[PDB]
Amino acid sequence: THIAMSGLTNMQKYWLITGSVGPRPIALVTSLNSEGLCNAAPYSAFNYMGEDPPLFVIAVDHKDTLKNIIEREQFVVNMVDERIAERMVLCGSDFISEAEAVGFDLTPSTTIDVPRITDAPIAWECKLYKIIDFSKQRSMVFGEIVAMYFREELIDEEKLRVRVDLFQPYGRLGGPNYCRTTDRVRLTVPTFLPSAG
C-alpha cells in the first residue's frame, strides 16, 4: 500500500509518522522558569546527533520548556524506565510545576543549576547549544551533554560503560503505547563480509 503525504491533514500526517518510526527514545526534560519553578515534559522526537561535541536534538512545540531553556541555557534530560514511566506520562498532560503535580522529587545537578528527577535511571546534564526554529509553532533544541548521572547499578565506572543489560528504558510507539526493552537480541556486525551477489 502506498500513501502520498500531499493528500493528508496535519493530524493524519502526525499519526502516520508517529506510527511508523519507532520505538523512540524519551527525553523527560526538566527545566527551570524565572522563579526557580521546575517544569517537566516528555518528548520522543529526540535523538543524539554526535559525540564531538556531544550533541542531541529534541523537537519541541512553542509547555514552558522552550522558554526555560532559552532563559537558562541549561536543562536536564531524564531517561525513562519502569520506576518513572507513569509519572512521565502524567507530565505530558495539559496543565504550574509538573514535577510537583505528579510527584517527582528533584535532586540537584553537579555542573548546572537545573535539577534531575530523583528516581531517574540516567540523566544528562545539558547546556543549550542552539535553537533552530522549525516554524512559528515548533523549534528544534540542540543540547550539549556536559555530564551524566547514573544510578550506580547501571554504570561500570571503571570501564566507562553503561551496563546495557540492566538499563531498561521504555520506548515510545504509535498511539499511547510503550515498548519495554525486555526482549532483546544480540546481532553483531561481522568482520567477515558477505558477498552474496
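Note that residue numbering follows the sequence shown and begins at 1.
- Missing deposited residues between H62 and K63: 10 or more, all without coordinates in the entry.
- Coordinates are absent for 1 to 3 residues of the deposited sequence placed between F95 and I96.
- Stretch comparison (83-91 versus 104-112) by mean CA B-factor in the PDB entry places 104-112 on top.
- Of the two segments examined, 158-166 and 46-54, it is 158-166 that shows the higher average Cα temperature factor in the deposited entry.
- Note on the listed residues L32, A147, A41, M140: the highest Cα temperature factor in the record is that of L32.
- Compared with the other modelled residues of the chain, the Cα B-factor recorded for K136 ranks in the highest third.
- Sorting the modelled residues of the chain by their CA temperature factor places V77 in the lowest third.
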